[PDB]
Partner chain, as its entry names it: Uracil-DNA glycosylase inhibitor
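One chain follows as structure tokens, the form deposited without the partner chain.
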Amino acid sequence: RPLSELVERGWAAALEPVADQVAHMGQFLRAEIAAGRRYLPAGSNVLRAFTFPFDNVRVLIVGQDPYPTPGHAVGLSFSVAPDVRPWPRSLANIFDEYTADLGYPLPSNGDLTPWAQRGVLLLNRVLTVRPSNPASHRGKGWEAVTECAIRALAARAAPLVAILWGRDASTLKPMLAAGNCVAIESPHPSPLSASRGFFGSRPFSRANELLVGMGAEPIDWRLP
């Protein structure tokens, strides 16, 4: 399938260099199914982040891999469906840092769609995972697709802030070495890493000051 049938047109243009890789991933996933091994998130949500316009991304959030628990991952990193409770612990932790940093009330739910609609790309280094098996699709081919996405964001040389959460940070910073691109890192917000540097990192207000510094408009982070 042409990418323009799976992603927004600007993204289809940016990722055409890895279009065969994206097809190989779809082959890989269908092969996993044929072998009885499922993947998350849903096939139609795998490239969901690439359904919001390439040309409008001003903040790039990059995590590691999707939620491994069925019913959580939705193709926007860290987000959940609006009816989901309890929130996953990574999301709960992001929302405590959100209230500490911004002084906003806790969000009504865990649906981060409003961030995606406002120019925040919620990306993961690896876009699929096997249920109950964290990080189980590492090394399987998504890295070349997400490296293409990131470099192509940086090559626009429009103002861009990347928020890098967790262990891929030192790999991803060289990909963001370009004019009008700034990368800020912390430990990941998951249970056992968040209290080791995620909390206290103030990535929301920092991103907005870096944007304004470049002459860009800040993000309205406020969730309902």
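Positions refer to the first chain, counted from 1. Just so we're on the same page, rigid core means the largest C-alpha set that superposes within 1.5 Å between forms.
From this point on, the text means the form deposited with the partner chain bound, which you will not see here.
- Just one listed stretch, out of 49-57, 31-39, 190-198, 151-159, contacts the partner chain in the entry with it bound at the 4.5 Å heavy atom level, and that stretch is 190-198.
- Comment: the partner chain is not present in this chain, but in the entry with it bound one of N133, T99, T113, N109 has a heavy atom within 4.5 Å of it, namely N133.
- Contact annotation for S90: at least one heavy atom lies within 4.5 Å of the partner chain in the entry with it bound.
- Shown alone here, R118 lies farther than 4.5 Å from the partner chain in the entry with it bound, counting heavy atoms only.
- Of the heavy atoms in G103, none are within 4.5 Å of the partner chain in the entry with it bound.
- Mapping the unseen interface onto this chain, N45 falls outside it, with no heavy atom inside 4.5 Å of the partner chain in the entry with it bound.
- Here the rigid core is superposed between the shown form and the other one, and of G26, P68, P53, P191 the C-alpha of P191 is the only one to shift by 2 Å or more.
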